[PDB]
Amino acid sequence: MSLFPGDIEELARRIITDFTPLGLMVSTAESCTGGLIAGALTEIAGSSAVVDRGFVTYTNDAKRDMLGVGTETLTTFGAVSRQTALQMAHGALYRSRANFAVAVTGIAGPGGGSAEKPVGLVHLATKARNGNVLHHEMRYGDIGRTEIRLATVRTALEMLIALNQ
Amino acid sequence: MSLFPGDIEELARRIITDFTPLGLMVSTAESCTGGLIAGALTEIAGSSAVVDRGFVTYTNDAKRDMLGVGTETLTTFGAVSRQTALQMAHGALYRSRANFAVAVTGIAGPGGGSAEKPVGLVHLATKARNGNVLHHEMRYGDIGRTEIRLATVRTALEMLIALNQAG
Ligand SMILES: [Cl-]
Ligand SMILES: [Cl-]
């Protein structure tokens, strides 16, 4: 039984396989994927060596409380912004024992879209203790709630791999 | 598009459907399922009304920091125990705005099994603000890592429903 599609499962595999000999651990912070990024990473046998913790923070209160996202960041730029994603990744990294953190915030739909922030808009950020930061703004389109969530999982994993090189 | 087994999706849908008019929210604390319980609940449109937050406490450090599980519970009873499950549920509840928390700690395998704590052993606990707690020890068997994880998600969702019925 494999829950995730093969690209996601392979990317998760590569991360566990790569990170273990390097002694590297990961933390996740999720606000649209609902735990699926941690879920995908932990599908892999041996993932206990690598996965530290995950923060599932749909609510803006949870983003502030669990990850230290600023109240004014949220009120000025919204939950779904570059600024929020960066602060989420910073919080997930420093509030964990991980070497790398990836954070995502987006609109999976069907609800919650607008001209300015459409369904499928997702901001992703990854940060390393060495200081390296990567951010991408993705606009997946109105392609379905599960579809956007899985698209986001794949991008998050790709970013962890990239960060590591 | 489906991601989880139909019956798991049905259970998640029941929780979102029931809890919304009741104004109730849930938090999850996950070791062995790695976020799939929150994942399953948030497959449902409208789940944002109900799902407050989730803790994936894959390590013992995480159980301690995020949930306040005691070092004393962990070295005496183990990460996989009724006691750890109860403390996780309590921690997830009172470190959130939820009405109910569900916590799971188990051995998905393939590794880590022993006679006393075999692969497929999972402790689940749900707690409500009024103090009501439910706990189940499951022994799903050595049936595969994804299989045990999904079996755990199912039971976790069943228990949230039961805990609500009892309130
Ligand atoms: Cl493992
Ligand atoms: Cl929703």
Side-chain angles (χ1 to χ4, degrees), chain A residues 1-5 8-9 12 25-63 65-67 79 95-98 107-112 143-150 153, chain B residues 1-5 8-9 12 25 27-63 65-67 79 95-98 107-112 143-151 153:
Chain A
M1 198 160 204
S2 189
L3 177 66
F4 294 89
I8 286 167
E9 177 189 42
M25 294 194 87
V26 173
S27 62
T28 70
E30 315 187 35
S31 179
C32 58
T33 50
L36 291 184
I37 302 174
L41 285 166
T42 58
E43 279 287 285
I44 306 304
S47 54
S48 53
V50 172
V51 181
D52 183 54
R53 74 198 57 198
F55 304 82
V56 183
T57 60
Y58 336 70
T59 65
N60 287 346
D61 182 69
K63 292 180 180 63
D65 181 21
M66 288 170 56
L67 300 169
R95 296 178 189 215
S96 76
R97 258 76 288 155
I107 312 167
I143 63 178
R145 181 187 180 98
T146 302
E147 293 89 333
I148 295 164
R149 284 157 51 93
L150 292 177
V153 172
Chain B
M1 179 180 184
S2 223
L3 177 63
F4 291 87
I8 291 175
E9 191 191 326
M25 297 188 85
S27 63
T28 63
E30 307 186 47
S31 190
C32 57
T33 49
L36 299 180
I37 300 177
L41 287 161
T42 57
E43 281 292 289
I44 311 299
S47 62
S48 51
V50 171
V51 180
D52 183 59
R53 65 193 66 192
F55 307 86
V56 178
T57 52
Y58 211 57
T59 56
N60 282 14
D61 292 318
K63 295 174 178 70
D65 304 342
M66 300 186 92
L67 298 174
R95 293 168 189 214
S96 83
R97 318 197 140 256
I107 306 166
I143 56 166
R145 184 179 179 99
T146 303
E147 295 85 346
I148 292 158
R149 287 155 52 88
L150 292 173
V153 170

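Below, chain A is the first sequence line, B the second, and so on; all start at residue 1. All values below were derived from every heavy atom in this structure, side-chain atoms included, with hydrogens, water molecules and symmetry-related copies excluded.
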| Part of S27(A) lying under 4.5 Å from any heavy atom of chain B | neither
| query | For the candidates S96(B), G109(B), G111(B), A45(B), which exhibits the highest count of non-hydrogen atom pairs separated by less than 4.5 Å from chain A? | reply | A45(B)
| task | Give the member of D52(A), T33(A), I37(A) that has the highest number of heavy-atom pairs under 4.5 Å with chain B. | result | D52(A)
| Interface moiety of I44(B) toward chain A, non-hydrogen atoms closer than 4.5 Å | backbone
| request: Any chance you could lay out the salt bridge (charged side-chain N to carboxylate O under 4.0 Å, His left out) test for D61(A) and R53(B), step after step, and finish with the verdict? | output: CA-CA 9 Å; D61(A) 182 69; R53(B) 65 193 66 192; 2.9 Å; yes
| Does any N or O in the side chain of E147(A) come within less than 3.5 Å of the main-chain N or O of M1(B), such that one atom is a donor and the other an acceptor? | no
| said: Within this structure, what is the OG1-CD distance for the pair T42(A) and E30(B), rounded to the nearest 0.5 Å? | reply: 8.5 Å
| Part of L41(B) within contact of chain A (heavy atom distance under 4.5 Å) | neither
| Is there side-chain contact between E43(B) and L36(A), with at least one heavy-atom pair below 4.5 Å? | yes
| Heavy atoms, side chains only, cut-off 4.5 Å: are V56(B) and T28(A) in contact? | no
| Heavy-atom distance under 4.5 Å between the side chains of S47(B) and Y58(A), does that happen here? | no
| query | Is there a donor-acceptor pair under 3.5 Å between the side chain of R95(B) and the backbone N or O of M66(A)? | reply | no
| message | Is it true that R97(B) and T59(A) share a donor-acceptor pair across their side chains at a distance under 3.5 Å? | response | no
